[PDB]
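Shown below, as C-alpha cells, is a lone chain in the form deposited in one PDB entry; questions about how it binds or moves come after it.
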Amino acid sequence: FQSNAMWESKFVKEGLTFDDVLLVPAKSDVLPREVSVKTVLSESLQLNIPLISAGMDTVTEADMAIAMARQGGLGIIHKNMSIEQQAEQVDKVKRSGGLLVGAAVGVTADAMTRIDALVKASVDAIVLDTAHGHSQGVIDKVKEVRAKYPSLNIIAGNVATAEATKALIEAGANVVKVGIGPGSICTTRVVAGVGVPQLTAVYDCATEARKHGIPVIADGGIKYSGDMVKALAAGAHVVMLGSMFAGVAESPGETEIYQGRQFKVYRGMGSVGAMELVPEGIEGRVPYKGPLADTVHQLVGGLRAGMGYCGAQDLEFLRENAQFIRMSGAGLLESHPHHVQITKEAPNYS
C-alpha cells in the first residue's frame, strides 16, 4: 500500500539543456569544408542538411518550403488552413522541380481526411503534431495512418521520454520528434509545469530510438547555430527551428518596423491569436533577416566548424563519438562575448 517507490524517486532525475554544456574538442583530420552534413531519415526521405522549418503559421508555407528544400532541407506546411488550401500548398512545392515537402496534421476527427488530400499532392512526410505526443489519441492515430499508408513517412510528436519514443515507434511512426517546453515562444512549462530540459530529452529519446534504428528530431529551444551542433551530438538526426527562421524573407508575413529596424511576427501555435483557451505560447516579433540562404549559410557554417572541432567527418560520427562537458552559469558567461561593447552585429551573433 505504502510500498510506493515512486514517492521517494520524484526528485531523482537531472536534466541538461544547451546552455549547460560545451562540446569537448577532439583530434581532427578533416576540414569544415570537407565534412558531410547529409542525413538519412527513411528509405524515402533524406536531407542534404539536417534542418527543418517548423509547421507554424508564422514560419513555413510554400514559399518557405520551396526555399528550404532548395537549401537541402525540409519545410513542414502548417495546418491552420483548410484541407483544400494545405493540399494546394504541397503540390506547389512538388511541381517546382521535384522538391521534398512535409505537412502538419493534428489528432482530430477529420485528420485522416486531411491526410488523404495530402497524399494526393505527393507529400513526402506528414507530421502528426500534438502538444502531448505521449497520448493514446496520438498512438491510435499513428496506427490508423500506418494501416492505410504503409509506405508513408510518419513524423510523430511531441515527446520527451524514452518510454514515449518506444510507444510512438511501436505504433508505426518512422521518425520521432522531441521537445516538450523548450520553444522560444512556448509557455507550456510555466503554465502546466511540465517538461524535460531539451538536451536531456534528445539524449534520452535517441537512446531508445537508437535500439530501433529510428531517427529523432530535436524541435525547439535552439537559439544559436552552436545549439544545433549540440543537439545533433546529443543523438538527434535533425533539428527543427522556429524562431531562427521566422524573420526570414520567405516565411509568411510581411515586415514591420519596430525600434527602427525591420521585424516579422513570430507566435506560438498554442498562443491566443494563433488559435483564432488556456494558451501555452505567446505572440511576438523576431528581427528581419533577409533571404533564407544567408541564415542557412551561417547555420551550416557553424555546424561545419563544430564538426571540424570534434574531428567528425559525418554526422553519424558526431552522434556516436562527440563528448560534452558541463558548465555553470559562469561557464556560459565566459562562453559568450563578455566585457566588451559590441560595435557591429555579426551574421552569427545578434
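One-based numbering along the sequence shown. In this text, rigid core is short for the largest set of C-alphas that superpose within 1.5 Å between two forms.
Omitted from view is the form deposited in another entry, to which the following refers.
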| item | value |
| --- | --- |
| From 185, 196, 125, 214, residue displaced between this form and the one not shown - CA threshold 2 Å or more, rigid core | 185 |
| C-alpha of residue 25 off by 2 Å or more between this form and the one not shown on rigid core | no |
| Direction of C-alpha distance change in the other entry, residue 185 to residue 160 (at least 3 Å) | closer |
| Direction of Cα pair change residue 185-residue 153 in the other entry, magnitude 3 angstroms or more | closer |
